[PDB]
């Protein structure tokens, strides 16, 4: 009567080879979920898949979430091996900070398509299987930029806010279908993406990278960056049957930077 885990559940995690996505995949692997991991670069993805095979059955699929044809094929292949996806984690993102007048059509569309469009399409592909099983979890990794504004991140904020809107509406539409839909909203988290953003902001503001890293930690009242495992801890909590009442929520993992209500 003691084993209450995710054994026998197929989870698909996008952007799963490094950072937050990798920590989410590790937590789901330790919980017993069968995993389909998606990322564009083979090298990091293969290492992640091999590492997590110590805890569960894992398969990796090279793919860009913004490519609909590649994603349909990827999802079809993944479900042939591990069956319908019960848990979907939309984690792959895109951010390029710049003054609003420097955001041309291409850059606006890339923010919308990677952060929001991709989640819409993947949910549409995997929702029939969840409805058939009578159980599911859809977890969207948004950001504190989905809950409040940030200057120089207008398309990122627009797309991440749109992801919260998708989350809330779908949570209500699926409320009596056995599926919950929630968003996890990290603040600045210690990842390779954040280190790339540190150098971009330093170059754009004529500041030393170390000084801008200290500014990033100062947005968090706790005076430190969020760890990827703390974001993953929120994700695995939502997958339990005792989190069924958590639906349509945005969980901020930012030390108090944004206090939801």
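Positions refer to the first chain, counted from 1.
Judged by mean Cα B factor in the deposited record, 15-23 ranks above the other of 15-23 and 247-255.
Just going by the entry, 73-81 versus 138-146 on mean CA temperature factor gives the higher value to 73-81.
Of all the options 32, 228, 68, 221, the entry's greatest CA B-factor is assigned to 68.
In the deposited entry, the Cα temperature factor of residue 104 places it in the middle third of its chain's modelled residues. Among the modelled residues of the chain, residue 97 sits in the middle third by CA temperature factor in this PDB entry.
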